[PDB]
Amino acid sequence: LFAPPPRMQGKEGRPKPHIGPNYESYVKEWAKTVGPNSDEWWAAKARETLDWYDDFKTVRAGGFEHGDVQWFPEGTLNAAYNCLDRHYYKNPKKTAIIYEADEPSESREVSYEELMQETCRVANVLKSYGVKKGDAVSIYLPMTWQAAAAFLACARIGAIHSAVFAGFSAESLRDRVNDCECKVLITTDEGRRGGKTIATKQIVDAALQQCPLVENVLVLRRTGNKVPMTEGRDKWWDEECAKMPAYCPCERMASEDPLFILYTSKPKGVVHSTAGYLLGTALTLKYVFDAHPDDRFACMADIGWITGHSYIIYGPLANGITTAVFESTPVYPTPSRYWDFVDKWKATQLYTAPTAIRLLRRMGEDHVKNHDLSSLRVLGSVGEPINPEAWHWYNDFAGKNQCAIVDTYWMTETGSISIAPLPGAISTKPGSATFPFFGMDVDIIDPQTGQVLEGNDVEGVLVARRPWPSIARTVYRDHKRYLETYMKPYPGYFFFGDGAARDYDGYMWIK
């Protein structure tokens, strides 16, 4: 066990946590977010967290059975306005993105103003190509800060972006491009990671040879090395944006308009809508990571995955804080890079996968023991169970046993963290996600019985009892596959696909 450490109780001049100090304080608030009286909390949270063009009237409707989940349906908003414009109007020079380049010397801070201006220019480029509200746009970009401008330009005009991880092959890119039927692709000339050159345009050129709908390719000049360019079809990002004004109006989006598709391994195009997803990411960032206005949030994932979607771009920028976009690897130049980064920028949270937490602990304690790491308050794990040898090391060499460790469990289809400790309220057990997040009423069902095994010291499949705002709404042009995979196996429930157990202490353990 490990109760909330000094940095998560207001001591040493730190911000006091939003939920604290004990489990009773967490349960008091979470109880407001589930059950038949939880609309009130969700309605206020919706109106306090997001800027709306038109208010909503209904909080929620629909359910798992037919896949017609609705949240704040009559409201209209825009994700770019909430992640850029509204913070730009309040503090234009605040840093939105810490761009940590592959080479450390090339890093620099990108203000909300600069990010909004680039987003507006790209939005104007997409409009000049004929991209309309509801069209899909594919994005094949590595971890340069302009990836955020690419996402938010699509959201700004109501286009649906579909991000394709920049390590995917020509065939995997082709499949995802063809499935979403985008007519525009946004990519780079080359990607730079761990000191090597990704030939992204070369992969794009070979992929597009079997992509008959793509008519326009916008190419970011990331390296300037000679890459092939197809006349008419291919245009340079900087040359196109130079022609455009640095402001663009926001399309007024219905709450349930699709915000993006994310193909997850045939590739299944997981579709998230606008307000519910945006709310879930902003509330999870705030409470699960205890974000405060001046925080510098360092999520080391990739924007090609949902972790990059929710916890690099949408979550942090919606909260108006600073977010890191890390271009390199955990061990380039040396295995100390994560900590070189943490002290150089004074990151207040770090968020990473157990895979990397174990490629660092394997590289030796010499790379972490002589750093400050004092700016960190919360350390986060995501993607896979953290072995108890990894949990203790991340607490020791990364937190100096003074940061809370949040084991966050979720999936692409949940949009936002489902079960995790709130670091100022929950005492952690290594390898446990502990209690479920606001809006997540989870239970355990016996697969041999189809019956929920109530109580403690139980084990079975993990399910959810009621829809939550950030839940994925469909699988793109394959709603049947959406109902069969998540909704058919346990009627009245959502089926995560993961086994789980709840021990005597009520703590959840994800198998």
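Position 1 is the first residue in the sequence shown; the rest follow in order. Think of the rigid core as the biggest set of C-alphas that the two forms share within 1.5 Å after superposition.
With each structure aligned by its rigid core, the stretch whose Cα atoms sit farther from this model in 6 other deposited structures of this protein, between 266-274 and 291-299, is 266-274. Farther on average from this form in 6 other deposited structures of this protein lies stretch 358-366, the comparison being between 98-106 and 358-366 by RMS Cα distance after core superposition.
According to the record, the deposited sequence contains no missing residues between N370 and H371, so the chain is continuous there.
The question of which stretch, 450-458 or 471-479, has the higher mean Cα B factor is settled in favour of 450-458. Between the stretches 9-17 and 492-500, it is 9-17 that shows the larger average CA temperature factor. Residues shown: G269, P249, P73, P354. Highest C-alpha temperature factor in the entry: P354.
The entry lists C-alpha B-factors for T264, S374, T230, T144, and the highest of these is at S374. The entry lists a Cα temperature factor for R361 that places it in the highest third of the chain's modelled residues. Ranked against the other modelled residues of its chain, the C-alpha B-factor of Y26 as given in the entry falls in the highest third. Among all modelled residues in this chain, the alpha-carbon of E240 has a temperature factor (C-alpha) in the lowest third. Ranked within its chain, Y81 lands in the lowest third, by CA B factor from the PDB record. The entry lists a Cα temperature factor for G191 that places it in the middle third of the chain's modelled residues.
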